[PDB]
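Structure first, commentary second.
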Ligand SMILES: Nc1ncnc2c1ncn2[C@H]1C[C@H](OC(=O)[C@@H](N)Cc2ccccc2)[C@@H](CO)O1
Ligand SMILES: Nc1ncnc2c1ncn2[C@H]1C[C@H](OC(=O)[C@@H](N)Cc2ccccc2)[C@@H](CO)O1
């Protein structure tokens with residue numbers, strides 16, 4: 001059954017109880033406060049809803065996921081990256097990035113003003129991180145998400161220049177993999193997610209990786225704002 | 001003579017040369033950078049100064065200290081905690097905890113903007129940690145400090161609801177003891193700190209503990225964001 005959240009509790013219902021159709025719908029209401037969001041991510045839940053509607057929480061089954069090493073990179077893209085015109089930094093402009101994704105008319109709809117301020121908050125508290133792609137001094141691409149130990153929950157990505165988000169993702173994965181990263185959550189499997197090399201795994205499996213991975217960890221300074229790639 | 005620290009290098013004078021009145025006043029100037037602060041904690045020094053004043057570094061003698069096990073808990077508090085209405089978490093909102101302490105108009109003036117930023121960096125690098133106390137969807141209390149092996153240097157705590165900060169310390173001590181935490185530095189002795197069970201030990205006694213406990217270690221992932229207690 002669909003649980004109505006309220007200001008009284010920050011907890012969530014067991015995901016095993018999410019609806020079948022729409023795939024994942026678990027609860028609604030509450031708010032997008034930091035503590036509630038973390039509470040959600042740690043239980044394999046995430047918010048998604050359009051402007052005007054109440055907050056919706058999901059935990060779909062199967063779950064979209066991306067194993068860093070299985071990231072698909074075309075022969076063409078490698079040639080591009082070997083002579084990349086982009087620079088990739090970490091946590092330099094979280095705001096510009098999420099704003100870029102929100103700006104995307106075709107996919108940024110669910111990124112309302114309330115969602116933006118919410119994740120910016122998680123960013124300032126150090127749980128949300130952004131990968132930025134620069135061409136000269138102009139942000140032309142990026143991605144962002146929530147970290148859970150060796151698990152990364154991908155929120156969204158955007159691009160204003162050819163191959164910008166592929167670079168963000170290509171570089172992040174190298175970094176992530178090289179320091180102990182394990183999995184990237186793509187939430188739902190679709191044309192975009194599938195093109196990156198994401199695959200579906202049962203929810204029960206995702207939750208078990210979740211509880212396992214948020215306990216594991218990366219270098220003390222892994223999420224510190226820095227440059228990840230420069231030509 | 002109060003040594004005037006140099007910007008050029010990170011280096012403190014022996015705590016023994018500190019003044020006797022004001023207790024511990026040992027040095028001034030320098031900066032609030034990660035390496036200098038981390039250095040301060042190593043040697044038993046800590047910054048404390050009011051806005052519109054130069055950086056002041058202290059090493060009081062005697063030093064206030066709290067042995068995890070000697071933490072005092074009244075019968076009413078136990079009765080209260082048994083049916084606690086609070087949720088306690090670790091490293092969920094460091095920024096919000098420190099900001100809470102800094103907002104306490106009674107004893108938070110010393111937590112200047114430069115200090116908040118300074119400790120945000122330590123939290124970023126994984127040395128500074130917080131403990132948040134939630135009532136429903138609200139942050140009603142908490143505490144934060146700098147980890148030093150098995151020793152925890154408490155910096156400050158705040159409270160917006162009866163027994164909030166006691167709950168924070170109570171859950172912390174249990175968790176801390178459970179994984180080998182040995183001592184909690186309280187810096188100076190006050191009424192609240194003493195009521196909790198804190199006490200005074202000579203500076204040179206504290207310094208030996210520090211040098212010893214700094215070496216000891218806690219479980220690699222003791223500080224990962226998580227829930228320590230839920231109502
Ligand atoms: N159904 C649904 N729920 C939530 N977000 C959704 C969604 N359909 C699309 N989107 C978002 C996310 C997606 O980007 C992604 O590929 C992410 N799901 C995963 C990701 C994020 C960041 C780095 C790597 C992987 C965008 C479309 O670009 O829209
Ligand atoms: N002289 C002096 N030096 C440092 N901090 C001081 C201070 N006078 C007041 N305060 C702060 C800290 C104090 O809280 C504490 O007891 C901490 N020193 C130790 C602590 C911190 C967090 C958790 C556990 C223990 C507060 C009083 O509320 O003001």
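Determine if the stretch B:29-38 includes at least one residue that is under 30 Å from residue B:197 (Cα atoms) and assigned to a helix (DSSP H, G or I). So far as the stretch B:29-38 goes, yes, one or more of its residues are under 30 Å from residue B:197 (Cα atoms) and assigned to a helix (DSSP H, G or I). When the stretch B:97-127 is filtered for residues that are outside any helix (DSSP H, G or I) and either out of contact with any helix residue (DSSP H, G or I) (no Cβ under 8 Å at 6 or more places or on another chain) or away from chain A (no Cβ under 11 Å) (or both), the ones remaining, listed by number, are B:104, B:105, B:106, B:107, B:108, B:109, B:110, B:111, B:112, B:126. The set of residues from the stretch B:207-231 being in contact with a helix residue (DSSP H, G or I) (Cβ under 9 Å, 6 or more places away or on another chain), in contact (Cβ under 8 Å) with a residue 12 or more places away in the chain and more than 10 Å from chain A (Cβ to nearest Cβ) comprises B:207, B:210, B:214, B:218, B:222, B:228, B:229.
Scanning the stretch B:50-84 for residues being in a helix (DSSP H, G or I) and without any contact (Cβ under 8 Å) to a residue 12 or more places away in the chain gives a total of 5.
Out of B:130, B:156, B:59, I need the residue that is within 14 Å of chain A (Cβ to nearest Cβ), within 17 Å of the chain's Cα centre (by Cα) and under 25 Å from residue B:33 (Cβ atoms). Which one? It is B:130. Residue count for the stretch A:16-36 satisfying the condition of being away from chain B (no Cβ under 14 Å) and buried (at least 21 other Cβ atoms within 10 Å of the Cβ): 4. Out of all the residues in the stretch A:37-55, which are more than 14 Å from every other protein chain (Cβ to nearest Cβ) and either closer than 11 Å to residue A:15 by Cα or within 17 Å of the chain's Cα centre (by Cα) (or both)? Matches in the stretch A:37-55: A:44, A:45, A:46, A:47, A:48, A:49. Residue-level analysis places residue A:139 outside the set of residues that are part of a helix (DSSP H, G or I), away from chain B (no Cβ under 14 Å) and in contact with a helix residue (DSSP H, G or I) (Cβ under 7 Å, 6 or more places away or on another chain). Against the conditions (1) touching a residue at least 24 places away in the same chain (Cβ under 8 Å); (2) surrounded by fewer than 19 Cβ atoms within 10 Å (Cβ to Cβ); (3) within 19 Å of residue A:224 (Cα to Cα), residue A:178 satisfies every one except (1). Inclusion of residue A:87 among residues that are away from ligand 2 (no atom under 16 Å from the Cβ), within 21 Å of residue A:196 (Cα to Cα), outside the structural domain of residue A:31 (by CATH) and free of Cβ contacts under 8 Å to residues at least 40 places away in the same chain is not warranted. I'd like the residue in the stretch B:129-140 that is under 15 Å from residue B:87 (Cβ atoms) and within 11 Å of ligand 2 (Cβ to nearest atom) and, out of all such residues, is surrounded by the most Cβ atoms within 10 Å (Cβ to Cβ). The selected residue is B:130. Scanning the stretch B:42-49 finds no residues that are assigned by CATH to the domain that holds residue B:189, in a loop (DSSP other than H, G, I, E, B) and buried (at least 16 other Cβ atoms within 10 Å of the Cβ). The residue list B:95, B:126, B:100, B:108 contains one member that is on the phi > 0 side of the Ramachandran plot and either free of Cβ contacts under 8 Å to residues at least 60 places away in the same chain or surrounded by 15 or more Cβ atoms within 10 Å (Cβ to Cβ) (or both), which is B:126.
The values are calculated or read from the model by the stated rules, or taken from the named source; none is laboratory data. Note: ideal-geometry Cβ built from the backbone for every residue, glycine included; neighbour counts use all protein chains shown.
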